[PDB]
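Asks: This is the content of target_12.pdb (PDB, C-alpha atoms):
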MODEL        1
ATOM      1  CA  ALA A   3       0.000   0.000   0.000
ATOM      2  CA  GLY A   4       0.970   3.605   0.026
ATOM      3  CA  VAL A   5       2.157   5.733   2.846
ATOM      4  CA  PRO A   6      -0.221   6.586   5.787
ATOM      5  CA  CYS A   7      -2.539   9.579   5.750
ATOM      6  CA  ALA A   8      -3.058  12.061   8.522
ATOM      7  CA  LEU A   9      -6.449  13.256   7.157
ATOM      8  CA  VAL A  10      -6.807  17.020   7.665
ATOM      9  CA  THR A  11     -10.131  18.750   7.122
ATOM     10  CA  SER A  12     -12.197  21.730   8.192
ATOM     11  CA  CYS A  13     -15.880  22.100   9.032
ATOM     12  CA  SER A  14     -15.714  25.863   8.415
ATOM     13  CA  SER A  15     -15.945  27.497   5.009
ATOM     14  CA  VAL A  16     -13.571  30.287   6.105
ATOM     15  CA  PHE A  17     -10.537  28.215   7.188
ATOM     16  CA  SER A  18      -9.398  25.288   5.053
ATOM     17  CA  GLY A  19      -7.563  22.076   5.776
ATOM     18  CA  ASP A  20      -4.891  23.404   3.427
ATOM     19  CA  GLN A  21      -4.289  26.409   5.673
ATOM     20  CA  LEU A  22      -3.998  24.141   8.701
ATOM     21  CA  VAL A  23      -1.472  22.026   6.765
ATOM     22  CA  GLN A  24       0.507  25.222   6.112
ATOM     23  CA  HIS A  25       0.653  25.948   9.856
ATOM     24  CA  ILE A  26       1.695  22.346  10.657
ATOM     25  CA  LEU A  27       4.448  22.189   8.017
ATOM     26  CA  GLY A  28       5.421  25.732   9.082
ATOM     27  CA  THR A  29       6.737  24.289  12.369
ATOM     28  CA  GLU A  30       9.764  23.161  10.290
ATOM     29  CA  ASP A  31       9.854  26.291   8.042
ATOM     30  CA  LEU A  32       8.451  24.306   5.056
ATOM     31  CA  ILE A  33       6.514  26.668   2.708
ATOM     32  CA  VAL A  34       3.632  25.071   0.824
ATOM     33  CA  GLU A  35       1.681  26.049  -2.244
ATOM     34  CA  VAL A  36      -1.860  24.730  -1.931
ATOM     35  CA  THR A  37      -3.387  25.589  -5.299
ATOM     36  CA  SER A  38      -4.208  22.297  -7.016
ATOM     37  CA  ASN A  39      -7.342  21.568  -9.080
ATOM     38  CA  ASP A  40      -7.446  18.079  -7.532
ATOM     39  CA  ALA A  41     -10.444  17.741  -5.208
ATOM     40  CA  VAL A  42      -8.191  16.130  -2.548
ATOM     41  CA  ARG A  43      -4.622  17.293  -1.890
ATOM     42  CA  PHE A  44      -1.736  15.245  -0.453
ATOM     43  CA  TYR A  45       1.250  17.024   1.139
ATOM     44  CA  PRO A  46       4.242  14.747   1.896
ATOM     45  CA  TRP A  47       5.961  15.011   5.241
ATOM     46  CA  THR A  48       8.804  13.045   6.787
ATOM     47  CA  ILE A  49       8.179  12.790  10.514
ATOM     48  CA  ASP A  50      11.598  12.539  12.154
ATOM     49  CA  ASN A  51      12.423  12.413  15.862
ATOM     50  CA  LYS A  52      14.626  10.607  18.366
ATOM     51  CA  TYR A  53      12.482   7.443  18.094
ATOM     52  CA  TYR A  54      11.888   6.907  14.384
ATOM     53  CA  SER A  55      11.403   8.362  10.931
ATOM     54  CA  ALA A  56       8.228   7.884   8.889
ATOM     55  CA  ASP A  57       7.015   9.183   5.522
ATOM     56  CA  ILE A  58       3.361  10.173   5.668
ATOM     57  CA  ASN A  59       1.008  12.408   3.743
ATOM     58  CA  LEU A  60      -1.048  15.220   5.204
ATOM     59  CA  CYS A  61      -4.201  14.420   3.210
ATOM     60  CA  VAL A  62      -6.547  17.402   2.819
ATOM     61  CA  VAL A  63      -9.994  15.911   2.200
ATOM     62  CA  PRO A  64     -12.523  18.774   2.195
ATOM     63  CA  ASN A  65     -15.640  16.626   2.800
ATOM     64  CA  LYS A  66     -16.656  13.015   3.476
ATOM     65  CA  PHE A  67     -17.868  12.459  -0.116
ATOM     66  CA  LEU A  68     -14.236  12.658  -1.239
ATOM     67  CA  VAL A  69     -13.150   9.675   0.887
ATOM     68  CA  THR A  70     -12.188   6.870  -1.485
ATOM     69  CA  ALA A  71     -11.591   3.300  -0.373
ATOM     70  CA  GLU A  72      -7.849   3.938  -0.771
ATOM     71  CA  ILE A  73      -7.916   7.056   1.391
ATOM     72  CA  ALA A  74     -10.008   5.375   4.091
ATOM     73  CA  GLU A  75      -7.609   2.424   4.318
ATOM     74  CA  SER A  76      -4.627   4.771   4.717
ATOM     75  CA  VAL A  77      -6.027   7.034   7.471
ATOM     76  CA  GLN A  78      -3.924   6.662  10.620
ATOM     77  CA  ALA A  79      -4.651  10.087  12.108
ATOM     78  CA  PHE A  80      -7.533  12.542  11.818
ATOM     79  CA  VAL A  81      -7.252  16.319  12.368
ATOM     80  CA  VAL A  82     -10.457  18.351  12.026
ATOM     81  CA  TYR A  83     -10.909  22.093  12.469
ATOM     82  CA  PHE A  84     -14.181  23.486  13.760
ATOM     83  CA  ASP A  85     -15.433  27.031  14.372
ATOM     84  CA  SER A  86     -15.826  27.288  18.152
ATOM     85  CA  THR A  87     -17.335  30.778  17.827
ATOM     86  CA  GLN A  88     -20.505  29.181  16.390
ATOM     87  CA  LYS A  89     -23.058  27.525  18.665
ATOM     88  CA  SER A  90     -23.457  24.915  15.895
ATOM     89  CA  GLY A  91     -19.679  24.401  15.823
ATOM     90  CA  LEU A  92     -19.663  20.850  17.168
ATOM     91  CA  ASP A  93     -22.762  19.833  15.196
ATOM     92  CA  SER A  94     -20.819  20.739  12.041
ATOM     93  CA  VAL A  95     -18.370  17.851  12.708
ATOM     94  CA  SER A  96     -21.146  15.262  13.019
ATOM     95  CA  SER A  97     -20.926  14.000   9.439
ATOM     96  CA  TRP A  98     -17.356  12.782  10.040
ATOM     97  CA  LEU A  99     -18.134  10.652  13.078
ATOM     98  CA  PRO A 100     -19.255   7.444  11.297
ATOM     99  CA  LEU A 101     -16.049   7.531   9.263
ATOM    100  CA  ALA A 102     -13.880   8.203  12.332
ATOM    101  CA  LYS A 103     -15.514   5.192  14.018
ATOM    102  CA  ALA A 104     -14.667   3.059  10.976
ATOM    103  CA  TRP A 105     -11.085   4.313  10.517
ATOM    104  CA  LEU A 106     -10.252   3.953  14.215
ATOM    105  CA  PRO A 107      -7.191   6.244  13.976
ATOM    106  CA  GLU A 108      -4.858   6.237  16.999
ATOM    107  CA  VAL A 109      -4.600  10.111  16.874
ATOM    108  CA  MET A 110      -7.781  12.157  16.506
ATOM    109  CA  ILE A 111      -7.546  15.889  17.087
ATOM    110  CA  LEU A 112     -10.336  18.443  17.253
ATOM    111  CA  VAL A 113      -8.882  21.881  16.500
ATOM    112  CA  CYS A 114     -10.278  25.376  17.078
ATOM    113  CA  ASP A 115      -8.661  28.782  17.448
ATOM    114  CA  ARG A 116      -9.934  29.455  20.977
ATOM    115  CA  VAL A 117     -12.805  28.104  23.051
ATOM    116  CA  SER A 118     -15.629  30.616  23.332
ATOM    117  CA  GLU A 119     -18.338  31.207  25.896
ATOM    118  CA  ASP A 120     -20.960  32.296  23.323
ATOM    119  CA  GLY A 121     -19.973  29.481  21.010
ATOM    120  CA  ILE A 122     -18.462  26.175  22.087
ATOM    121  CA  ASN A 123     -16.823  26.615  25.497
ATOM    122  CA  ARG A 124     -14.084  24.406  26.952
ATOM    123  CA  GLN A 125     -16.463  22.178  28.941
ATOM    124  CA  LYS A 126     -18.732  21.349  25.971
ATOM    125  CA  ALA A 127     -15.762  20.797  23.646
ATOM    126  CA  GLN A 128     -14.173  18.486  26.235
ATOM    127  CA  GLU A 129     -17.349  16.429  26.752
ATOM    128  CA  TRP A 130     -17.662  15.936  23.002
ATOM    129  CA  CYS A 131     -14.023  14.850  22.858
ATOM    130  CA  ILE A 132     -14.537  12.298  25.646
ATOM    131  CA  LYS A 133     -17.609  10.828  23.957
ATOM    132  CA  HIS A 134     -15.969  10.563  20.503
ATOM    133  CA  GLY A 135     -12.343   9.885  21.427
ATOM    134  CA  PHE A 136     -10.708  13.161  20.302
ATOM    135  CA  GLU A 137      -8.124  15.478  21.848
ATOM    136  CA  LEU A 138      -9.044  19.171  22.029
ATOM    137  CA  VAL A 139      -6.427  21.608  20.672
ATOM    138  CA  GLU A 140      -6.564  25.415  20.555
ATOM    139  CA  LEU A 141      -4.422  27.138  17.951
ATOM    140  CA  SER A 142      -4.474  30.464  19.875
ATOM    141  CA  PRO A 143      -5.182  29.705  23.545
ATOM    142  CA  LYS A 144      -5.712  32.513  25.994
ATOM    143  CA  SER A 156       2.271  22.089  24.699
ATOM    144  CA  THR A 157      -0.617  23.747  22.864
ATOM    145  CA  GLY A 158      -1.577  24.868  19.393
ATOM    146  CA  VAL A 159       0.068  23.630  16.228
ATOM    147  CA  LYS A 160       3.093  22.502  18.241
ATOM    148  CA  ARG A 161       0.794  20.145  20.161
ATOM    149  CA  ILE A 162      -0.587  18.806  16.870
ATOM    150  CA  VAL A 163       2.950  18.093  15.687
ATOM    151  CA  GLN A 164       3.808  16.522  19.077
ATOM    152  CA  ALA A 165       0.760  14.249  18.952
ATOM    153  CA  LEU A 166       1.570  13.151  15.391
ATOM    154  CA  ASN A 167       5.175  12.464  16.433
ATOM    155  CA  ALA A 168       3.849  10.224  19.259
ATOM    156  CA  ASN A 169       1.810   8.132  16.802
ATOM    157  CA  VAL A 170       3.059   4.661  15.822
ATOM    158  CA  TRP A 171       2.632   4.859  12.064
ATOM    159  CA  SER A 172       2.450   1.564  10.196
ATOM    160  CA  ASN A 173       5.729   2.376   8.403
ATOM    161  CA  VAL A 174       7.936   3.777  11.183
ATOM    162  CA  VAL A 175      11.646   3.053  10.803
ATOM    163  CA  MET A 176      13.007   2.848  14.311
ATOM    164  CA  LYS A 177      16.273   4.439  15.288
TER
ATOM    165  CA  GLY B   4      11.899   6.712   1.677
ATOM    166  CA  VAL B   5       9.666   8.348  -0.947
ATOM    167  CA  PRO B   6      11.432   8.143  -4.341
ATOM    168  CA  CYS B   7      12.730  11.256  -6.088
ATOM    169  CA  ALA B   8      12.690  11.840  -9.783
ATOM    170  CA  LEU B   9      15.394  14.496  -9.654
ATOM    171  CA  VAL B  10      14.693  17.176 -12.261
ATOM    172  CA  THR B  11      17.215  19.922 -12.913
ATOM    173  CA  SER B  12      18.578  22.233 -15.578
ATOM    174  CA  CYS B  13      21.969  23.522 -16.602
ATOM    175  CA  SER B  14      20.508  26.526 -18.503
ATOM    176  CA  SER B  15      18.431  29.532 -17.454
ATOM    177  CA  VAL B  16      16.542  29.108 -20.739
ATOM    178  CA  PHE B  17      14.346  26.412 -19.133
ATOM    179  CA  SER B  18      14.377  25.597 -15.422
ATOM    180  CA  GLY B  19      13.711  22.361 -13.582
ATOM    181  CA  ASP B  20      10.463  23.863 -12.289
ATOM    182  CA  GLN B  21       9.246  24.656 -15.796
ATOM    183  CA  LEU B  22      10.229  21.120 -16.823
ATOM    184  CA  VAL B  23       8.031  19.755 -14.004
ATOM    185  CA  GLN B  24       5.131  22.003 -15.060
ATOM    186  CA  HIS B  25       5.409  20.537 -18.552
ATOM    187  CA  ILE B  26       5.778  16.929 -17.347
ATOM    188  CA  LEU B  27       2.703  17.212 -15.119
ATOM    189  CA  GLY B  28       0.743  19.199 -17.694
ATOM    190  CA  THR B  29      -0.252  22.126 -15.467
ATOM    191  CA  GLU B  30       1.084  25.115 -13.584
ATOM    192  CA  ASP B  31      -1.357  24.580 -10.705
ATOM    193  CA  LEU B  32       0.800  22.244  -8.626
ATOM    194  CA  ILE B  33       1.187  21.424  -4.952
ATOM    195  CA  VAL B  34       4.823  22.186  -4.092
ATOM    196  CA  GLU B  35       6.830  22.039  -0.859
ATOM    197  CA  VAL B  36       9.680  24.565  -0.658
ATOM    198  CA  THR B  37      12.542  24.815   1.836
ATOM    199  CA  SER B  38      13.406  27.838   3.983
ATOM    200  CA  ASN B  39      15.934  28.950   1.308
ATOM    201  CA  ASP B  40      13.428  28.729  -1.616
ATOM    202  CA  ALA B  41      15.924  26.326  -3.330
ATOM    203  CA  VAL B  42      14.923  22.571  -3.447
ATOM    204  CA  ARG B  43      11.274  22.162  -4.597
ATOM    205  CA  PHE B  44       9.394  18.869  -3.947
ATOM    206  CA  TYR B  45       6.347  18.274  -6.175
ATOM    207  CA  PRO B  46       4.238  15.267  -5.082
ATOM    208  CA  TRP B  47       2.988  13.095  -7.932
ATOM    209  CA  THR B  48       0.871   9.916  -7.899
ATOM    210  CA  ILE B  49       1.789   7.744 -10.906
ATOM    211  CA  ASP B  50      -1.113   5.431 -11.848
ATOM    212  CA  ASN B  51      -1.074   2.990 -14.771
ATOM    213  CA  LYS B  52      -2.185  -0.568 -15.752
ATOM    214  CA  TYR B  53       0.783  -2.041 -13.781
ATOM    215  CA  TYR B  54       0.920   0.013 -10.591
ATOM    216  CA  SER B  55       0.266   3.119  -8.530
ATOM    217  CA  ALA B  56       3.095   4.990  -6.797
ATOM    218  CA  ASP B  57       3.169   8.308  -4.966
ATOM    219  CA  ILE B  58       6.610   9.836  -5.657
ATOM    220  CA  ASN B  59       8.183  13.309  -5.570
ATOM    221  CA  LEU B  60       9.558  15.250  -8.503
ATOM    222  CA  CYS B  61      12.543  16.921  -6.822
ATOM    223  CA  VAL B  62      13.860  20.100  -8.453
ATOM    224  CA  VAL B  63      17.454  20.439  -7.214
ATOM    225  CA  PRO B  64      19.160  23.491  -8.816
ATOM    226  CA  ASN B  65      22.789  22.457  -8.187
ATOM    227  CA  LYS B  66      24.725  19.432  -6.866
ATOM    228  CA  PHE B  67      25.540  21.156  -3.523
ATOM    229  CA  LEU B  68      21.879  20.798  -2.484
ATOM    230  CA  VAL B  69      21.844  17.007  -2.782
ATOM    231  CA  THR B  70      21.468  16.015   0.857
ATOM    232  CA  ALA B  71      22.013  12.450   2.013
ATOM    233  CA  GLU B  72      18.247  11.958   2.035
ATOM    234  CA  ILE B  73      17.821  13.260  -1.520
ATOM    235  CA  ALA B  74      20.798  11.263  -2.791
ATOM    236  CA  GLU B  75      19.357   8.058  -1.224
ATOM    237  CA  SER B  76      15.925   8.610  -2.845
ATOM    238  CA  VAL B  77      16.976   9.413  -6.460
ATOM    239  CA  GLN B  78      15.497   6.799  -8.802
ATOM    240  CA  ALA B  79      15.365   8.853 -12.007
ATOM    241  CA  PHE B  80      17.386  11.812 -13.260
ATOM    242  CA  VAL B  81      16.230  14.383 -15.834
ATOM    243  CA  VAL B  82      18.499  17.276 -16.834
ATOM    244  CA  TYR B  83      17.926  20.077 -19.363
ATOM    245  CA  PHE B  84      20.753  21.632 -21.370
ATOM    246  CA  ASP B  85      20.892  24.472 -23.904
ATOM    247  CA  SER B  86      21.685  22.748 -27.205
ATOM    248  CA  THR B  87      22.165  26.084 -29.001
ATOM    249  CA  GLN B  88      25.486  26.581 -27.175
ATOM    250  CA  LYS B  89      28.678  24.767 -28.156
ATOM    251  CA  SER B  90      29.394  24.553 -24.419
ATOM    252  CA  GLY B  91      25.947  23.024 -23.807
ATOM    253  CA  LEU B  92      27.140  19.549 -22.798
ATOM    254  CA  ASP B  93      30.048  20.886 -20.685
ATOM    255  CA  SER B  94      27.418  22.548 -18.490
ATOM    256  CA  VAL B  95      26.204  19.077 -17.412
ATOM    257  CA  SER B  96      29.591  17.756 -16.211
ATOM    258  CA  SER B  97      28.941  18.836 -12.620
ATOM    259  CA  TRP B  98      26.215  16.187 -12.311
ATOM    260  CA  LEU B  99      28.145  13.187 -13.700
ATOM    261  CA  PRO B 100      29.732  11.924 -10.428
ATOM    262  CA  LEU B 101      26.352  11.997  -8.680
ATOM    263  CA  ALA B 102      24.460  10.351 -11.548
ATOM    264  CA  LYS B 103      27.159   7.680 -11.631
ATOM    265  CA  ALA B 104      26.810   7.185  -7.863
ATOM    266  CA  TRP B 105      22.918   7.038  -7.808
ATOM    267  CA  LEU B 106      22.467   4.222 -10.477
ATOM    268  CA  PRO B 107      19.015   5.509 -11.748
ATOM    269  CA  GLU B 108      17.310   3.349 -14.416
ATOM    270  CA  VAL B 109      15.933   6.561 -16.018
ATOM    271  CA  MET B 110      18.597   9.105 -16.997
ATOM    272  CA  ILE B 111      17.333  11.623 -19.536
ATOM    273  CA  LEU B 112      19.216  14.484 -21.188
ATOM    274  CA  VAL B 113      16.639  17.028 -22.422
ATOM    275  CA  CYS B 114      16.904  19.893 -24.867
ATOM    276  CA  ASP B 115      14.392  21.798 -26.963
ATOM    277  CA  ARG B 116      15.948  20.527 -30.192
ATOM    278  CA  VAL B 117      19.440  19.667 -31.397
ATOM    279  CA  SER B 118      21.226  22.468 -33.277
ATOM    280  CA  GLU B 119      23.930  22.282 -35.958
ATOM    281  CA  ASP B 120      25.405  25.544 -34.595
ATOM    282  CA  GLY B 121      25.574  24.151 -31.032
ATOM    283  CA  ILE B 122      25.194  20.529 -29.901
ATOM    284  CA  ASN B 123      23.946  18.570 -32.923
ATOM    285  CA  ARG B 124      22.337  15.122 -32.913
ATOM    286  CA  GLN B 125      25.578  13.160 -33.390
ATOM    287  CA  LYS B 126      27.420  14.883 -30.542
ATOM    288  CA  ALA B 127      24.435  14.669 -28.194
ATOM    289  CA  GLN B 128      24.032  10.956 -28.956
ATOM    290  CA  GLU B 129      27.759  10.292 -28.455
ATOM    291  CA  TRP B 130      27.599  11.976 -25.049
ATOM    292  CA  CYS B 131      24.521   9.939 -24.113
ATOM    293  CA  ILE B 132      26.249   6.694 -25.143
ATOM    294  CA  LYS B 133      29.326   7.441 -23.047
ATOM    295  CA  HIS B 134      27.421   8.448 -19.895
ATOM    296  CA  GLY B 135      24.338   6.218 -20.172
ATOM    297  CA  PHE B 136      21.641   8.850 -20.799
ATOM    298  CA  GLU B 137      18.735   8.996 -23.232
ATOM    299  CA  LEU B 138      18.433  12.033 -25.508
ATOM    300  CA  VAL B 139      15.008  13.730 -25.488
ATOM    301  CA  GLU B 140      13.900  16.745 -27.589
ATOM    302  CA  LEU B 141      10.909  18.663 -26.288
ATOM    303  CA  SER B 142      10.315  20.320 -29.694
ATOM    304  CA  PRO B 143      11.769  18.102 -32.448
ATOM    305  CA  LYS B 144      11.741  19.073 -36.114
ATOM    306  CA  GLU B 145      10.321  15.723 -37.274
ATOM    307  CA  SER B 156       7.308   8.912 -28.173
ATOM    308  CA  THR B 157       9.268  12.157 -28.144
ATOM    309  CA  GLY B 158       9.471  15.149 -25.895
ATOM    310  CA  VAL B 159       7.578  15.385 -22.657
ATOM    311  CA  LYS B 160       5.378  12.438 -23.645
ATOM    312  CA  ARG B 161       8.496  10.240 -23.763
ATOM    313  CA  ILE B 162       9.672  11.477 -20.340
ATOM    314  CA  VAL B 163       6.287  10.566 -18.865
ATOM    315  CA  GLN B 164       6.431   7.184 -20.617
ATOM    316  CA  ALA B 165       9.886   6.446 -19.193
ATOM    317  CA  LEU B 166       8.801   7.467 -15.717
ATOM    318  CA  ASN B 167       5.735   5.210 -15.930
ATOM    319  CA  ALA B 168       7.966   2.281 -16.997
ATOM    320  CA  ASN B 169      10.340   2.762 -14.043
ATOM    321  CA  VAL B 170      10.138   0.283 -11.149
ATOM    322  CA  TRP B 171      10.015   2.733  -8.242
ATOM    323  CA  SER B 172      10.947   1.324  -4.865
ATOM    324  CA  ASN B 173       7.379   1.907  -3.592
ATOM    325  CA  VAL B 174       5.158   0.660  -6.452
ATOM    326  CA  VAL B 175       1.814  -0.857  -5.451
ATOM    327  CA  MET B 176       1.130  -3.549  -8.046
ATOM    328  CA  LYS B 177      -2.347  -3.776  -9.508
TER
ENDMDL
END
Would it be possible to restate this file's structure as structure tokens?
Replies:
Amino acid sequence: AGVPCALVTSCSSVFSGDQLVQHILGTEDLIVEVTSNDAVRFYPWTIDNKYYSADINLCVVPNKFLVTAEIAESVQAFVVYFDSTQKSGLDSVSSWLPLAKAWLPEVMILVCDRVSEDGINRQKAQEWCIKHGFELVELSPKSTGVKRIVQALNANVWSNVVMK
Amino acid sequence: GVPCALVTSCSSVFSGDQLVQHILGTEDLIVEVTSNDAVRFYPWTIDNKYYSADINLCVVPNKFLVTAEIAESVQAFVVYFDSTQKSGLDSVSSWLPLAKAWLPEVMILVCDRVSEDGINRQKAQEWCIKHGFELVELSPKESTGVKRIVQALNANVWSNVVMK
């Protein structure tokens, strides 16, 4: 098979999975151009740390109707952005839950910019994460943020790790 | 690791990046660039009747930028030269030790078209015989050109092919 996916997506029309991929790859000063006519976009990334190295793809899949059999079989992590300023912010993730149950990825991250008392506050985000098996991450909290996403992905045992 | 098809150029007339745009048939490409805006990695999923393989087209402007990881991954080599100049083939000499050391099955010397006032067909062919390259003309007078490059790359046994 091919290399693993970390599937990256967004439930907001005003922040894309591609932009989140740019922040993640930015942790190592990698600049990415995201303009492809392909409906799904794969960005290669060599995870390298003191334990192992692993080639993966950050797979930007804008909606569930773009999940092929091949993509589904490769998903080993799931990162999903939601708009916590909207009261419907968690409801907007609901369409991904059947797929997340099927994939059973060992890293599942729910990402917002900052929890919000008139939108989705910390308590409600945390209860959702308990029920569905996600970790809550804030990109701009009042490790955390994109560094925590990178940390969590570096602590994943990918199917193709090469141990040091 | 993920294979590289290393694409480069010895002439400012036509850069490795332009060569990739022509090989992939579009300018709208996902591309990962390093902090120094020098080595460009273009992901590409080859898919044919025999296999599917997700590789990188790696535009490496000069031999100094061939890291250990790039060197390890090179499984095809494509280099443009300016055939209108009598010194056109001399401009490629820098790459010969590395191409000798990588052992790629695809080694392609590319020009727009051979020229009797620069590097003509005989001299280009004699150079290709001595160093084990294949001569390709993008714009011949008479597969050829970019279609032949794509054919050769699809007939290469990458280290990560997924057989159909």
Asks: May I have the residues of chain A within 8 Å of chain B, counting only C-alpha atoms, written as a list in words?
Replies: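 That gives the following set of residues: residues 3, 4, 31, 32, 33, 34, 35, 36, 37, 38, 39, 43, 44, 45, 46 and 57 of chain A.
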Asks: Taking the file as shown, find all residues satisfying the PyMOL selection byres ((chain A and resi 100-114) around 9) and write them as a PyMOL selection string.
Replies: chain A and resi 8+12+66+74-87+96-99+115-117+127+131+134-142+158+162+165-166+168-170
Asks: CA of residue 129 in chain B and CA of residue 26 in chain B are how many Å apart?
Replies: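 Atom-to-atom, CA of residue 129 in chain B to CA of residue 26 in chain B, that is 25.5 Å.
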Asks: In Å to one decimal, how far is CA of residue 67 in chain A from CA of residue 163 in chain A?
Replies: 26.7 Å
Asks: Could you tell me how far CA of residue 133 in chain B sits from CA of residue 115 in chain B, in Å to one decimal place?
Replies: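 If I compute the distance from CA of residue 115 in chain B to CA of residue 133 in chain B, I get 21.1 Å.
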Asks: Just the residues within 9 Å of residue 84 in chain B, please, counting only C-alpha atoms, with nothing from its chain fewer than 5 positions along; format it as a VMD selection string.
Replies: chain B and resid 12 to 14 16 to 17 91 to 92 94 to 95 112 to 115
Asks: Considering all atoms listed in the file, can you say which of B:18, B:11, B:90, B:24 comes closest to residue 66 in chain B?
Replies: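 When distances to residue 66 in chain B are compared using all atoms listed in the file, the smallest one comes from B:11.
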Asks: For the structure shown, which residues end up in the PyMOL selection byres ((chain B and resi 105) around 12)? Put them as a count of residues only, please?
Replies: 26
Asks: Which residues would end up in the selection if the PyMOL selection byres ((chain B and resi 88) around 8) were applied here, given that I need the answer as a PyMOL selection string?
Replies: chain B and resi 85-87+89-91+120-122
Asks: Give the padded box for range 30-42 of chain B as JSON: axis-aligned, covering all atoms listed in the file, 3 Å on each side, centre and edge lengths in Å to one decimal.
Replies:
{"center_x": 7.3, "center_y": 25.2, "center_z": -4.8, "size_x": 23.3, "size_y": 13.5, "size_z": 23.6}
